[PDB]
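First the structure, in the form of structure tokens, and then the observations on it.
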Amino acid sequence: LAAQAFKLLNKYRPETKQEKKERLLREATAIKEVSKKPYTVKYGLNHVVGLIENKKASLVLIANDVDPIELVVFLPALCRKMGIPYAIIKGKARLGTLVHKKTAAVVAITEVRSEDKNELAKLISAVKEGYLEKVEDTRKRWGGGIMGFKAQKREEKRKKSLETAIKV
Amino acid sequence: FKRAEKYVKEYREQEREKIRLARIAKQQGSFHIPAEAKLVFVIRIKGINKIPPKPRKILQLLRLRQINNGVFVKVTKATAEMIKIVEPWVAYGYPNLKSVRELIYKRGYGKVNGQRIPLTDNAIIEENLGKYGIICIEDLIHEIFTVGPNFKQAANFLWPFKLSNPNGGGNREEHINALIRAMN
Amino acid sequence: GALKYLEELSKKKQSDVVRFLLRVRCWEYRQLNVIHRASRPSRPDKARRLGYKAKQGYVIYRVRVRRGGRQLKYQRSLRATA
Amino acid sequence: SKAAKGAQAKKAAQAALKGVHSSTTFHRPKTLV
Amino acid sequence: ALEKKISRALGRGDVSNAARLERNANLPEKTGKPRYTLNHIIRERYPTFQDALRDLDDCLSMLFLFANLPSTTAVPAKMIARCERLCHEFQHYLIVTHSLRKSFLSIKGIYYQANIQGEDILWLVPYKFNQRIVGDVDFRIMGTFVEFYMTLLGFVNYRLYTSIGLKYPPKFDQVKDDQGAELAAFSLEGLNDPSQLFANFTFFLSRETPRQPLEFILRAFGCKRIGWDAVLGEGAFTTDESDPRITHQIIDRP
Amino acid sequence: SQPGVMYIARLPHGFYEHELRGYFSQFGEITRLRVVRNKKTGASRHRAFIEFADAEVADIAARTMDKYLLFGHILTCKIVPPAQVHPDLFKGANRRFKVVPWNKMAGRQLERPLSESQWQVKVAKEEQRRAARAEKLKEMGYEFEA
Amino acid sequence: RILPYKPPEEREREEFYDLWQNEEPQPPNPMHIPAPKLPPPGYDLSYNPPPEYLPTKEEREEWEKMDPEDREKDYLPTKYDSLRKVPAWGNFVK
RNA sequence: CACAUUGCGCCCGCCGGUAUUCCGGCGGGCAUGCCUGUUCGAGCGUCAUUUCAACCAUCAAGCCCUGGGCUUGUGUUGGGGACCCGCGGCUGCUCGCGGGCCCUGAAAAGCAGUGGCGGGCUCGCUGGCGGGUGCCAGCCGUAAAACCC
């Protein structure tokens, strides 16, 4: 699912710092001697959140390793409340390469071109079937609790130290 | 582990190969080459993983089994038909004199008793060949370039050319020489 | 509008999410030095409304100060000594 | 037999979902000066 | 540092600037020239032209060897092509000046001795076969030597051509070199006992004769009319073996 | 000994028996496999049934490849409970479903010569069919001779 | 102030001196030890040497039987009737 | 660096003494915290990496009544609807091939049927001969051939 998402997302990568200058130079040279609206991947936490609140984002991808987790902890609930399909992608750096940055906390797609409208729609169904149904019950549950053999020995030892007397 | 996409990718690849082979068969001699007896160099390149049985035999006869393999072939009616079949897996074109000279000298090898023996002296040139009048390596170059009566004997003697991946470098005409220059 | 969501979250400091994050982060700061540079604000909304910008020249240093009193009470605040 | 079948099924499941790509003392390394 | 920036760009999917950074790298596989400029190193190592002439012996032995060797990763194909060009350009200078003096046939190859401004230069050229590379042979060590020698010979060639009066570099015909002209693809233009041995003579070289050694020897010692079979390459005075005006024909056949 | 039955559907074009056998034999062992097809044309109906000899393998493989998006097709891996597994389900299993050119066979059978004696009494049956059509043309008000 | 745009095809299409120009003799430093020249070839090395230099059939088989880096010289003189029969030297690159 | 003694370290260069090695002198530099950037790194901190691409004829060949027209270049997801037909079998009902109308996301829950040729496997008889096969990512259409070698 990550590969299929990034296949569509790569076709809508924003222009680099070098490419934008060349396009600006091309138009400047032409005038010295009328275009369709650009379609691109939206990035920026404040930008994407406003798109979700205004119900403009068709698909939202959220990183799983934001260092202050409180920056994105509300995003899945907000996406669910608005009816926006969402998925969690392993890697803020992987999202960064998509937008030619070191790190992207969240990326979004608002509108794609006509040749990719059907591709985006299929990926929307794939995510909500392949990901959202799989976490419909586990998103309400507490995580953790992966005690290994060493942890289990400590817990059993702790109980037997309080079986006889409990100093308080 | 082999993924489900690769299974579907290979089938659709085989389906198209079965298509073009059928068309090539029905309109045999599809390539519109004038009737000429000249020289073409053929290089085996990366392509479809599962080769269909008919192209598989053709690559075997031409000794183009490994990648980066090169051979000299005369453009007869059978050879042009054969090369058309193996078009997806080969890069081919007409060599030039410098290309032939560089290949037979720098990377020249010969088959003696089924063994890969380098062309280090003319003694083995006139021992294997020579009954056809080829006593030096230059005679071998002459017979390959100005293709003559004993091109077949000269060709089978020449072990397939094991070239090297270029370092930053259909009928390709003389542009096969640019590929040879980089790949040599 | 992520910072408005952060403002409300920081109001609920005893909530399960914030209590959990504050518990783990307290242990981590304790393993570090008393005064050390923080590469990034842990409360970006709070830092932003106090005048922090993401320019070259703005730094965050976090510090822990022993709490309590000297029965005498210091007229300045524990935040002032930090 | 049953354990071998279960191990093979689990190994294929892990590859399908996650792919196939997965003296003693410490000194400050010498760096360029 | 540049290689690190190329690797980061390549590993991030932005091939446009990775190609842009590659152009700054000056890689030998694309340019065919040495990666680092060694003009000041050569100047301090050879403070005068005389010192450069005294150590041309090892320089020419390397370059003529690598002009016959296959292309490796340390020394790519375009690097070897420049070795042919420099060696061919050098051979033209001796032909015009008649600076070639001696030549010797040995079981190890062919020895050429020349005299430039009073220094004897001796170098060995391998026989034109499939040279063998076996055992532990390191082309990175030899690549470093090739890099130094090509820069040295290129500057030596420029000064020698300027002293005569010819322009440098000589005009090179890619089409003729494609046809197999080898030494015959160079045109030498100006700027605006030796030459009598084979002067009024005419030779035809058969197929089994070594074209490159014979042509160098004859053309340096006076000959102006040399022909060979068309398989040997473009540039022969005549190709028909039945040409009446052929005094000598060199053969090596039973 | 509890064989398991898998129901796979929404298959992409090309995910046929050999690929279904090859991919799922990596998960475990395959006993029988059938891809449903048409008699009129040799084309798959984008669903298939796979029987594993080990029940646990069928459970693991169905969970992993259930909602798998393959060439634009989101797959469907559902385990058929052993109750409603039809006794006659793997009948063309392990057999190649070759395409028969029924149009060529039926059409050329109209070409092969034969004594038209029964054809002429069929011509009389054609006449009586024409008479029935003539009744259908009475409300039309159409007259046509022979 | 700035250059106008040009198409990438045109950019690709668009894109020597005397080292000893100011040269004077300098005194040779005594710390330099120049490597000696390899000795010039002798009469043993020619492809058609005088018969005296040729060895005996026994003196040959002992030579190839002896392992390298134990021989007085890295070659034995050999006589060839023609340049055509002179083989490539196997230790040229080495 | 050292209560600072005009003493002693380390790096780069120079000068004078028989000097490539020795001596002495001279010049330029070597404190801590912190910031911005550079380059060199560390981490059983986290992630990606067995590539779902394009690739038929963007025109060719042959013709005719000489300039327009003609012929050949076989290339289609599946399923459903008391709808209207043509043609073949079926005693008949009905079933097949092909149409016209309508619906559906690249949608889906047994309903497997038409005779062979060559190859593989397997079984019998004397390498050969004679039978079977829900095996052929090999062909054909009911014989058979081709492929194959």
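Below, all heavy atoms of this structure are taken into account, side chains as well, without hydrogens, waters or symmetry copies. Letters A, B, ... mirror the listed sequences (proteins, then strands); counts begin at 1.
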- Query: What does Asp88(F) touch in the nucleic acid at a heavy-atom separation under 4.0 angstrom: a base, only the sugar-phosphate, or nothing?
  - Reply: base
- Verify stacking: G29(H) then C30(H), 5.5 Å distance, 30° angle limits: yes
- Query: Do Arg32(F) and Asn94(F) have side-chain N/O donor and acceptor atoms under 3.5 Å apart?
  - Reply: no
- Task: With the side chain of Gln109(F) defined as its heavy atoms from C-beta on, choose the nearest nucleotide among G88(H), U74(H), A109(H).
- Result: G88(H)
- Task: Return yes when atom CZ of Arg56(B) has more than 12 non-hydrogen atoms of other residues, nucleotides or ligands closer than 6.0 Å, and no otherwise.
- Result: yes
- Task: Look at the side chain of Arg96(F) and decide which nucleotide, out of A137(H), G79(H), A109(H), has an atom nearest to it.
- Result: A137(H)
- Say you pick atom P in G138(H) and the same atom in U142(H); how far apart are they, in whole Å? 24 Å
- With P as the reference atom in both, quote the distance from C95(H) to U114(H) in angstrom, rounded to an integer. 15 Å
- Note on the structure: Out of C87(H), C52(H), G79(H), minimum distance to the side chain of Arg129(F) belongs to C87(H)
- Of the candidate nucleotides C85(H), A112(H), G88(H), which contains the atom at the shortest distance from the side chain of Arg34(F)? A112(H)
- Task: Could you tell me whether the phosphate oxygens of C35(H), OP1 or OP2, come under 4.0 Å of any side-chain nitrogen or oxygen in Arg37(C)?
- Result: yes
- Item | Any-strand Watson-Crick or G-U partner of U71(H), both distances under 3.5 Å | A61(H)
- Query: Can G37(H) and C117(H) be counted as paired, Watson-Crick or G-U wobble, both distances less than 3.5 Å?
  - Reply: no
- Item | Stacked pair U50(H)/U51(H), ring centres under 5.5 Å, planes under 30° | no
- Item | Distance, P atom - from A31(H) to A2(H), rounded to whole angstrom | 13 Å
- Task: Please tell me which of the listed nucleotides, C40(H), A42(H), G138(H), lies nearest to the side chain of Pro53(B)?
- Result: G138(H)
- Message: Do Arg47(F) and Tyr7(F) make a side-chain contact, defined as non-hydrogen atoms from C-beta onward lying under 4.5 Å apart?
- Response: yes
- Query: Is it true that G134(H) and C135(H) stack, with six-membered ring centres under 5.5 angstrom apart and planes under 30°?
  - Reply: no
- More than 12 non-hydrogen atoms from neighbouring residues, nucleotides or ligands closer than 6.0 Å to NZ on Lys11(D), yes or no? no
- Do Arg10(F) side-chain and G105(H) base share a donor-acceptor contact under 3.5 Å? no
- Looking only at side-chain atoms of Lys39(F), point me to the closest of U142(H), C111(H), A48(H). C111(H)
- Any side-chain donor near an acceptor of the partner, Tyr12(A) and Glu111(A), under 3.5 Å: no
- Item | Identified side chain to side chain contact (heavy atoms under 4.5 Å, CB included) counterpart of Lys90(A) within the set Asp65(A), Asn64(A), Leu95(A) | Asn64(A)
- What nucleotide, of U39(H), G105(H), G41(H), holds the atom closest to the side chain of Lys5(E)? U39(H)
- Message: Once you look at the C1'-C2'-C3'-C4' sign, would you call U18(H) north or south?
- Response: south
- Sugar-phosphate, base or nothing in reach of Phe1(B), heavy atoms under 4.0 Å: base
- Geometric stacking, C70(H) and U71(H), six-membered rings, under 5.5 angstrom and under 30 degrees: yes
- Item | Proximal nucleotide (of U36(H), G86(H), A107(H)) relative to the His73(F) side chain | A107(H)
- Minimal heavy-atom distance between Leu70(F) and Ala4(B), with the atoms involved, is CD1-CB, 3.7 Å
- Quick check: does any side chain N or O of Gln26(F) sit under 3.5 Å from a backbone N or O of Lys2(B), one acting as donor and the other as acceptor? yes
- Message: What I want to check is whether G96(H) forms a Watson-Crick or wobble pair with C87(H), both distances being under 3.5 Å.
- Response: yes
- Message: Under 4.0 Å, heavy atoms only, any strand: does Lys57(B) hit a base, just the sugar-phosphate, or nothing?
- Response: sugar-phosphate
- Query: Counting just side-chain N and O atoms, does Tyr7(B) come under 4.0 Å of either OP1 or OP2 of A137(H)?
  - Reply: no
- Query: With both distances under 3.5 Å as the test, what is the Watson-Crick or G-U wobble partner of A137(H)?
  - Reply: none
- Task: For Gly107(F), answer base if it contacts any base atom (sugar-phosphate contacts may also be present), sugar-phosphate if it contacts only those atoms, and nothing otherwise; contact means non-hydrogen atoms under 4.0 Å.
- Result: nothing
- Task: Measure from the side chain of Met31(G), starting at C-beta and using heavy atoms only, and say which of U20(H), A112(H), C52(H) lies closest.
- Result: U20(H)
- Task: May I ask you to classify the sugar pucker of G141(H) as north or south from its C1'-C2'-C3'-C4' sign?
- Result: south
- Distance-only donor-acceptor test (3.5 Å): side chain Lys98(F), base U114(H): yes
- Report yes if a side-chain nitrogen or oxygen of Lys104(F) is closer than 4.0 Å to either non-bridging phosphate oxygen (OP1 or OP2) of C140(H); otherwise report no. no
- Message: Given the structure, check if the side chain of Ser125(A) and the base of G105(H) hold any donor-acceptor pair shorter than 3.5 Å.
- Response: yes
- Task: For the side chain of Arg47(F), starting at C-beta, report the closest nucleotide among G110(H), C40(H), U36(H).
- Result: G110(H)
- Item | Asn103(F) side-chain N/O to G96(H) phosphate OP1/OP2 under 4.0 Å | no
- Does a nitrogen or oxygen in the side chain of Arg23(B) sit under 4.0 Å from OP1 or OP2 of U74(H)? yes
- Any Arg94(A) side-chain nitrogen or oxygen under 4.0 Å from OP1 or OP2 of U46(H): no
